[PDB]
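Before any questions on how it binds or moves, here is one chain, the form deposited in one PDB entry, in structure tokens.
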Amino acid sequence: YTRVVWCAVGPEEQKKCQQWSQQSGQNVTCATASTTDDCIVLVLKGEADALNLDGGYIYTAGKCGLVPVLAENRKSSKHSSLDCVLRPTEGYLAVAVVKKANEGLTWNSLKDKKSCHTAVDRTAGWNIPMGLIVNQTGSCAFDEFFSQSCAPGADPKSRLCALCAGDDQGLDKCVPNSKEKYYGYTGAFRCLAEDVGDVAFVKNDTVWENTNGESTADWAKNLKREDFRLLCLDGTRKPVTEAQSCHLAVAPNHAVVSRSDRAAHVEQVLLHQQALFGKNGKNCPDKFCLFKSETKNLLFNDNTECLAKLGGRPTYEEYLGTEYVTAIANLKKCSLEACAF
């Protein structure tokens, strides 16, 4: 009744959800699916209530009638006066990142290089960079642009999965969940860091969070920001300090979605859960913190300060913005209006 079923993607998010479920005294319980699209179907069926989604998936869910409920809000130096929950969201910067040592690699020499993407259908990892590449090349053959990639969610037999590694045992190669070694923001940046790919399509924050000792994970321990460069659309290369002038787009924040008929109940529950387990929550450091998982961004991004109310009670189209929505529709015509399930 006043209980919410969260949808977890893969086994590691399932483990975090179970902990939260326990600590919440079953105010939250957990359903699990192997992929975000499967979680979306659980929500539509009414077998789960909610999950936090990247903007590309919000577009999928939105066509099927799911609505945005609360948004991830990270820290800002502006609007600092306003409480986090009431503060407007800023959006994150989609960037293309290379190694400084890979000299003369620019935006205009990316063809036939090796790429690292968060997952198919995601904003920074896929929709933004592939949308630009389609427009620029006047071709829908974006599966032939890079020599080899890791793009979780593509055909495992294809060149788009050639660089993906699967799990400890090499199983689940290219699955779009955190079992895949090079999945997600952190995974795609790891793919670059280890020189599997020439370029990673991630967000600005990912680079900062996994360099200069911010991570402590074995692969990230010795990474230095100066060893990296951003690719700008004008063919230039900049330091990672210059993302405000060298990004591919600004992305809408990840946001919790639910069925419209459940939105109000999901919202009320989540606001109480974050008071307990959020950033300064009564129980966070002590028992459980919702927004931590050791750099793994499980359920929510680890840099989330709070979940924020939306305001102007936006539809999914208003939330994503007309800019981004037309980007996706145009790219989507390479792969006609309805729910995809």
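Shifts are known only where both forms have a C-alpha. C-alpha atoms forming the largest set that superposes within 1.5 Å between two forms make up the rigid core. Don't overthink the numbering: it's just position in the shown sequence, from 1.
Residues with no coordinates between residue 335 and residue 336 in the deposited sequence, how many: none, 1 to 3, 4 to 9, or 10 or more?
Gap between residue 335 and residue 336: 4 to 9 unmodelled residues.
Once you work out the mean C-alpha B-factor for both 48-56 and 276-284 from the entry, which is higher?
In the deposited entry, the stretch with the higher C-alpha B-factor mean is 276-284.
Stretch exceeding the other in mean C-alpha B-factor - 31-39, 289-297
Here the higher of the two C-alpha B-factor means belongs to 289-297.
Which one of 141, 93, 246, 188 shows the top CA temperature factor in the record?
The record points to 141.
For the listed residues 267, 72, 234, 172, which one has the largest C-alpha B-factor as given in the deposited model?
By C-alpha B-factor in the record, 234 ranks first.
Relative C-alpha B-factor of residue 256, binned into the chain's lowest, middle or highest third:
For residue 256, the deposited C-alpha B-factor lands in the lowest third.
Modelled-residue ranking by C-alpha temperature factor, third containing residue 79:
Highest third.
State the tercile, meaning the lowest, middle or highest third, of residue 4 with respect to the CA B-factors recorded for its chain.
Its C-alpha B-factor, which the entry lists for residue 4, ranks in the middle third among residues of this chain.
By the record's CA B-factor, is residue 215 among the lowest, middle or highest third of residues in the chain?
Its C-alpha B-factor belongs to the highest third of this chain's values.
Taking the values exactly as deposited, rank residue 85 by C-alpha B-factor within its chain and report the matching third: lowest, middle or highest.
Its C-alpha B-factor belongs to the highest third of this chain's values.
The form deposited with a partner chain bound is left out here; the points below concern that form.
Residues 37, 60 and 64 are flagged as a possible site; in the deposited bound form, is every one of them within 4.5 Å of its partner chain by some non-hydrogen atom?
Yes: each residue has a heavy atom within 4.5 Å of the partner.
If we define contact as a non-hydrogen atom of the residue within 4.5 angstroms of the partner, is residue 275 a contact of its partner chain in the deposited bound form?
The answer is no: residue 275 has no heavy atom within 4.5 Å of its partner chain.
If we take heavy atoms and a 4.5 Å cut-off, which stretch out of 39-47, 307-315, 278-286, 294-302 is in contact with its partner chain in the deposited bound form?
Of the options, only 39-47 has residues within 4.5 Å of the partner.
Have a look at 81, 77, 169, 216 and give me the residue whose C-alpha moves 2 Å or more between the shown form and the other one, with the fit done on the rigid core.
By this measure, the answer is 77.
Upon rigid-core superposition, which contiguous segments of at least three residues exhibit Cα shifts of 2 angstroms or more between the shown form and the other one?
After core superposition, the one displaced run is 77-79.
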